[PDB]
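First comes the structure, then the notes that go with it.
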Amino acid sequence: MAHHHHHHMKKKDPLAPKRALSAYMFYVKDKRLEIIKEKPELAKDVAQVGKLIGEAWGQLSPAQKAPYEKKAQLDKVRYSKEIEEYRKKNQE
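In terms of the entry's author numbering, the sequence shown has 92 at position 92, counting the first letter as 1, and numbering is strictly consecutive.
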């Protein structure tokens, strides 16, 4: 199973429990995927996209930040701990 089409790498986490992406990642991938679909030219501008995220955040309002943060945290925590114990007691 070593072809040019499919390369050996971490494409997904099949050895992990059930869980969905967190608000944090959602926003990140959202803004990025959006800037790419609408502007695929700068899609190869890691620095650009990054600056956009940081700026939008530091200049974001408490309305969306409230839930975005609360969810991002609760999710990041629950997920972190979840996978933490699972991984520690995985491949048994």
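Positions of the beta carbon are idealized from the N, C-alpha and C atoms, including for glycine.
In angstroms with no decimal places, state the Cα-to-Cα distance between residue 115 and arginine 87.
Here the chain covers residues 1 to 92 and nothing more, so residue 115 does not appear.
Answer with buried or exposed for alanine 23, where buried requires no fewer than 16 other C-beta atoms within 10 angstroms of its C-beta.
Along the sequence shown, one-based indexing puts residue 23 at 23. Its Cβ being crowded by 16 or more others within 10 Å, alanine 23 is buried.
Grouping DSSP H, G and I as helix and E and B as strand, with all else coil, what is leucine 21?
Sequence index remark: in the sequence shown, residue 21 carries index 21 (1-based). Reduced to three states, the DSSP call for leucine 21 is coil.
Cutoff 7 angstroms; reference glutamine 48; Cβ partners in own chain excluding five residues on either side
Locating residue 48 in the sequence shown gives position 48, where the first residue counts as 1. Counting only Cβ-Cβ distances below 7 angstroms, and skipping sequence neighbours, we find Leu42.
For a test of the three-state rule: what should DSSP assign to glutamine 48, helix, strand or coil?
The residue labelled residue 48 in the question sits at position 48 within the sequence shown. Looking at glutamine 48 - three-state DSSP - the assignment turns out to be helix.
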